[PDB]
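Student: Would you mind keeping the following structure in view while I ask a few things?
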Amino acid sequence: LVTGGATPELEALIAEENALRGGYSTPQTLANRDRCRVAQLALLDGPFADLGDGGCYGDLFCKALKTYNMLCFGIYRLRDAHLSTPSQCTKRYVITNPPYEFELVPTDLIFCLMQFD
Amino acid sequence: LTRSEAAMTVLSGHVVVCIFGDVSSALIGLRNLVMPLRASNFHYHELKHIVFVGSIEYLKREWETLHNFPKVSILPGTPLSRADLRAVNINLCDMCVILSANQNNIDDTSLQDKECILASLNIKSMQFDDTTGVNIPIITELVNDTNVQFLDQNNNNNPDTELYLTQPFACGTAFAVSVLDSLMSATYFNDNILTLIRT
Amino acid sequence: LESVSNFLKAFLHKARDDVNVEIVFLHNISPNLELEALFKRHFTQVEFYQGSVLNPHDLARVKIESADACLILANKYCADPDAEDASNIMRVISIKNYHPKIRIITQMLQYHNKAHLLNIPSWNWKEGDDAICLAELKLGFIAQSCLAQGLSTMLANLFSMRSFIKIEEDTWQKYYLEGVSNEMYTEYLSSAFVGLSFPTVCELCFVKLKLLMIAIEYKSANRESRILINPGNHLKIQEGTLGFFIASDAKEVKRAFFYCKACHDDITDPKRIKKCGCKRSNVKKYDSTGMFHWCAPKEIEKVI
């Protein structure tokens with residue numbers, strides 16, 4: 001998850017010469033590209049703006065998985081989101097694996113694994 | 001010699017001396033290694049081309065007593081580098097010497113031979129395309145007898161076996177420095193033993 | 001004292017259910033008074049002996065031949081990381097020489113020093129031997145946090161054990177604890193899921209079984225087992241595939257292995273669903289592998 005495609009052949013090639021070796025583009029080379037990257041998506045401006053208006057977490061999880069194949073880890077949510085009083089704080093905390101019946105604040109981000117296009 | 005230049009030059013049937021030296025490190029007196037290989041008893045074609053792999057800063061210190069020898073080459077680098085050994089054609093060498101230089105450290109007791117064991121296993125684990133790394137003739141200097149048992153990692157032996165019963169010592173792959181103290185004791189018991197050994 | 005303190009506070013946390021295992025420390029240095037006191041606090045799970053793993057007799061003393069595993073700690077704050085890494089690798093060599101069939105978890109300061117582990121034929125990754133590369137793992141965590149803020153906290157909460165706390169008042173701590181209550185587990189997928197796409201099996205597992213499926217271990221003959229993170233529509237789950245999930249408890253994970261529909265109803269009742277008996281030009285821009293972006297070498301002065 002953290003290094004990114006830590007295959008043993010990379011280990012061997014780095015071990016042999018203690019440096020990264022550039023390679024010519026091949027269909028196999030471009031094939032090894034296809035992976036998944038960690039990303040944060042904002043609810044307000046994305047296609048799923050409607051599901052940000054208090055929609056359930058599971059509904060948006062299913063919608064992202066069915067169409068875009070996006071696996072949502074959890075919610076990166078404003079610290080003062082539950083505060084009824086206005087607040088200018090921009091610090092956000094992490095909710096890991098939220099339940100299906102989770103209300104979604106419109107100003108929340110989602111951790112996800114975006115596919116390569 | 002650079003890596004590319006050493007690769008370009010054909011130097012098969014050579015002797016590789018892999019050393020771990022530094023400006024602060026104490027001199028090991030490499031001349032005493034090159035002199036017996038440069039005896040007049042051999043013909044000129046009999047002489048083996050000697051190539052040093054180690055830090056050039058240390059070789060410059062050691063170079064004063066080495067320039068007067070016929071066929072000696074120096075490849076700056078490190079023994080633990082795989083590419084450096086590839087350039088030297090270490091799979092075609094007559095003998096690869098691992099010297100326990102940088103001896104001035106007294107780190108723990110057996111940790112002094114960390115680099116020698118690492119380099120030995122690194123050479124043994126290599127693969128080559130025209131062979132393996134095991135068939136390469138290697139002589140490694142070790143200061144702790146137990147460390148010798150680490151050389152034959154593939155083979156299993158009892159921890160209680162003596163130094164002389166181990167396969168790396170029996171095959172002559174590992175040179176333990178305790179033999180010098182044994183030689184000192186033998187010389188005490190008989191003055192002629194040292195004279196014969198030196199001659 | 002610092003390394004032992006950290007290792008004991010992480011290993012011996014109270015929430016651990018596997019409490020039996022006893023830790024035996026082997027070091028040639030006589031502990032200082034504070035370290036003796038720390039050992040005394042955990043006297044009934046922690047024991048100390050003076051010796052070196054380089055010495056075979058000292059290995060025999062601590063009965064390392066019957067030990068479940070050997071953990072090798074690294075001096076993170078050392079002048080030369082290479083020397084410490086070489087010392088740890090040689091300790092690994094000594095332990096393997098005494099007893100080849102033992103699990104070893106060793107910490108490495110520098111990434112490029114892990115290659116020397118390949119030099120040991122008795123070293124086996126598939127058996128369970130692993131290298132905790134401190135620099136690689138830490139900088140990867142920080143980089144993935146640069147991609148997505150808080151992912152490092154997510155993973156740290158995932159693989160660690162934290163004391164259970166209940167917060168009644170409506171504060172961000174409530175949602176944070178509802179998040180941290182989860183842990184990351186792995187289990188073999190049931191035979192019912194064979195042949196489906198990953199999105200279908202992940203959707204079914206999340207909606208019906210309430211398990212958030214992270215990843216799958218892909219098995220092949222020409223290539224060894226490889227981990228795949230969120231496989232797309234194209235890949236299909238084969239037989240006997242390991243799967244990584246995030247679940248609230250370890251008991252909750254088993255519902256994936258025992259799940260079917262040939263015996264399991266359409267009702268979303270995981271208690272009643274789970275059944276013991278069921279169904280029976282030519283410029284190069286990338287590296288050689290192409291897994292990372294690559295560029296022609298540039299001198300340091302150009303980017304100054």
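Methodologically, a virtual Cβ is constructed for each residue, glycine included, from the backbone with ideal geometry; neighbour enumeration extends over all protein chains shown. Just so you know, all these numbers are worked out from the coordinates, no wet-lab data involved.
Student: Can you tell me how many residues in the range A:84-102 are out of contact with any strand residue (DSSP E or B) (no Cβ under 7 Å at 6 or more places or on another chain) and more than 26 Å from C:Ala156 (Cβ to Cβ)?
Tutor: Step one: of the range A:84-102, the residues out of contact with any strand residue (DSSP E or B) (no Cβ under 7 Å at 6 or more places or on another chain) are A:84-91, A:99.
Add one more test, that the residue is more than 26 Å from C:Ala156 (Cβ to Cβ), and what stays is A:84-88.
Summing the residues that are out of contact with any strand residue (DSSP E or B) (no Cβ under 7 Å at 6 or more places or on another chain) and more than 26 Å from C:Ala156 (Cβ to Cβ) in the range A:84-102 gives 5.
Student: If you scan the range A:103-117, which residues turn out to be buried (at least 19 other Cβ atoms within 10 Å of the Cβ) and either within 16 Å of the chain's Cα centre (by Cα) or within 10 Å of chain C (Cβ to nearest Cβ) (or both)? Quick ask: steps written out before the conclusion?
Tutor: Step one: filter the range A:103-117 for residues buried (at least 19 other Cβ atoms within 10 Å of the Cβ), giving A:104, A:108-113.
Hits for the range A:103-117 are A:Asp108, A:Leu109, A:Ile110, A:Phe111, A:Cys112, A:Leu113.
Student: What are the residues in the range C:264-298 that are surrounded by 10 or more Cβ atoms within 10 Å (Cβ to Cβ), among the β-branched types (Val, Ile, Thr) and not in a helix (DSSP H, G or I), if any?
Tutor: Correct list: C:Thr268, C:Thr289.
Student: What are the residues in the range A:17-33 that are part of a loop (DSSP other than H, G, I, E, B), facing another protein chain (nearest Cβ under 8 Å) and at negative phi, if any? Break it down into steps so the answer makes sense when it comes.
Tutor: Filtering the range A:17-33 for residues part of a loop (DSSP other than H, G, I, E, B) gives A:18-21, A:24-26.
When the remaining residues are screened for being facing another protein chain (nearest Cβ under 8 Å), the result is A:18, A:20-21, A:24-26.
Scanning the range A:17-33 gives A:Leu20, A:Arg21, A:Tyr24, A:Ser25, A:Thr26.
Student: Of all the helices (runs of 4 or more DSSP H) wholly in the range C:80-164, which have at least 1 residues that are at the interface with chain A (Cβ under 10 Å from one of its Cβ atoms) and within 30 Å of B:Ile123 (Cβ to Cβ)? First the steps, then the outcome.
Tutor: Working: elements: C:81-98, C:115-118, C:134-147, C:151-159.
Hits in the range C:80-164: C:115-118, C:134-147.
Student: Something else: Might you check whether a residue that is touching a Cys at 6+ places or on another chain (Cβ under 7 Å) and buried (at least 18 other Cβ atoms within 10 Å of the Cβ) occurs anywhere in the range B:40-51? Steps first, answer last, please.
Tutor: Within the range B:40-51, the subset touching a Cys at 6+ places or on another chain (Cβ under 7 Å) is none.
Looking for residues that are touching a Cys at 6+ places or on another chain (Cβ under 7 Å) and buried (at least 18 other Cβ atoms within 10 Å of the Cβ), one finds none in the range B:40-51, hence no.
Student: Please enumerate the residues belonging to the range B:121-136 that are assigned to a loop (DSSP other than H, G, I, E, B) and surrounded by 14 or more Cβ atoms within 10 Å (Cβ to Cβ).
Tutor: Restricting attention to the range B:121-136, the residues satisfying the condition of being assigned to a loop (DSSP other than H, G, I, E, B) are B:125-126, B:128-131, B:133-136.
Passing the criteria: B:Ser125, B:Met126, B:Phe128, B:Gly133, B:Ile136.
Student: Right, something else. For the structure I just gave you, tell me whether B:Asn89 is of a type outside the set (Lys, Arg), at positive phi, out of contact with any strand residue (DSSP E or B) (no Cβ under 8 Å at 6 or more places or on another chain) and within 14 Å of another protein chain (Cβ to nearest Cβ). First the steps, then the outcome.
Tutor: Numbers: of a type outside the set (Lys, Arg): yes; at positive phi: yes; out of contact with any strand residue (DSSP E or B) (no Cβ under 8 Å at 6 or more places or on another chain): yes; within 14 Å of another protein chain (Cβ to nearest Cβ): no.
No.
Student: Quick one: which of B:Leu183, B:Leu194, B:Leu165, B:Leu118 is in a loop (DSSP other than H, G, I, E, B) and among the aliphatic types (A, V, I, L, M)?
Tutor: On the way: B:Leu183 fails: in a loop (DSSP other than H, G, I, E, B); B:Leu194 fails: in a loop (DSSP other than H, G, I, E, B); B:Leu118 fails: in a loop (DSSP other than H, G, I, E, B).
Result of the check over B:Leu183, B:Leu194, B:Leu165, B:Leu118: B:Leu165.
Student: Further, regarding this structure: If we scan the range B:160-174, do we find a residue that is within 23 Å of the chain's Cα centre (by Cα), charged (D, E, K, R) and more than 27 Å from B:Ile136 (Cβ to Cβ)?
Tutor: no
Student: Checking A:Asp59 against (1) in a loop (DSSP other than H, G, I, E, B); (2) more than 10 Å from chain C (Cβ to nearest Cβ); (3) charged (D, E, K, R), which single condition isn't satisfied?
Tutor: Here A:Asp59 clears every test but (1).
Student: Further question on the same structure: Given the criterion crowded, with 17+ Cβ neighbours inside 10 Å, part of a strand (DSSP E or B), within 11 Å of chain C (Cβ to nearest Cβ) and of a type in the set (A, V, I, L, M), identify the matching residue among A:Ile14, A:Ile95. Reasoning before the result, please.
Tutor: Numbers: A:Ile14 fails: part of a strand (DSSP E or B).
One residue alone meets the criteria, A:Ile95.
Student: Just the residues that are at negative phi and either assigned to a helix (DSSP H, G or I) or more than 10 Å from chain C (Cβ to nearest Cβ) (or both), please, taken from the range B:102-115.
Tutor: Filtering the range B:102-115 for residues at negative phi gives B:103-107, B:109-115.
Those that are at negative phi and either assigned to a helix (DSSP H, G or I) or more than 10 Å from chain C (Cβ to nearest Cβ) (or both): B:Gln103, B:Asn104, B:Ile106, B:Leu111, B:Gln112, B:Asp113, B:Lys114, B:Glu115.
Student: Then there's this: Residues of the range C:35-70 being part of a strand (DSSP E or B) and loosely packed, with under 15 Cβ neighbours inside 10 Å, which ones?
Tutor: Of the residues in the range C:35-70, the ones part of a strand (DSSP E or B) are C:46-50, C:69-70.
Hits for the range C:35-70 are C:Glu47, C:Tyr49, C:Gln50, C:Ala69.
Student: Which pairs do you get when a residue that is more than 9 Å from every other protein chain (Cβ to nearest Cβ), found in the range B:118-139, comes within reach of a residue that is of a type in the set (D, E, K, R), reach meaning Cβ atoms under 8 angstrom, with the pair 6+ apart or on two chains?
Tutor: What qualifies is B:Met126/B:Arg82; B:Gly133/B:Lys124; B:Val134/B:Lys124; B:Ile136/B:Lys124; B:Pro137/B:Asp94; B:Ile138/B:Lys124.
Student: Another question, if that's okay. Scan C:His42, C:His13 and give me the residue that is of a type outside the set (S, T, N, Q) and either more than 28 Å from C:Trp125 (Cβ to Cβ) or within 12 Å of chain B (Cβ to nearest Cβ) (or both).
Tutor: On the way: C:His13 fails: either more than 28 Å from C:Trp125 (Cβ to Cβ) or within 12 Å of chain B (Cβ to nearest Cβ) (or both).
The conditions single out C:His42.
Student: Which one is nearest to the other protein chains (Cβ to nearest Cβ) among residues in the range A:34-56 that are of a type in the set (D, E, K, R) and surrounded by fewer than 15 Cβ atoms within 10 Å (Cβ to Cβ)? Lay out the reasoning, then the answer.
Tutor: From the range A:34-56, those of a type in the set (D, E, K, R) are A:34-35, A:37, A:45, A:50, A:53; that's our starting set.
Subset that is surrounded by fewer than 15 Cβ atoms within 10 Å (Cβ to Cβ): A:34, A:45, A:50, A:53.
Numbers: A:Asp34: 8, A:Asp45: 17, A:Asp50: 20, A:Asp53: 19 Å.
Across the range A:34-56, the extreme among qualifying residues is A:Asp34.
Student: Still on this structure, please answer the following. If you go through the range C:235-258 one residue at a time, do you hit one that is more than 27 Å from A:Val2 (Cα to Cα), among the aromatic types (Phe, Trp, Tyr) and in contact with a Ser or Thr (Cβ under 8 Å, 6 or more places away or on another chain)?
Tutor: yes
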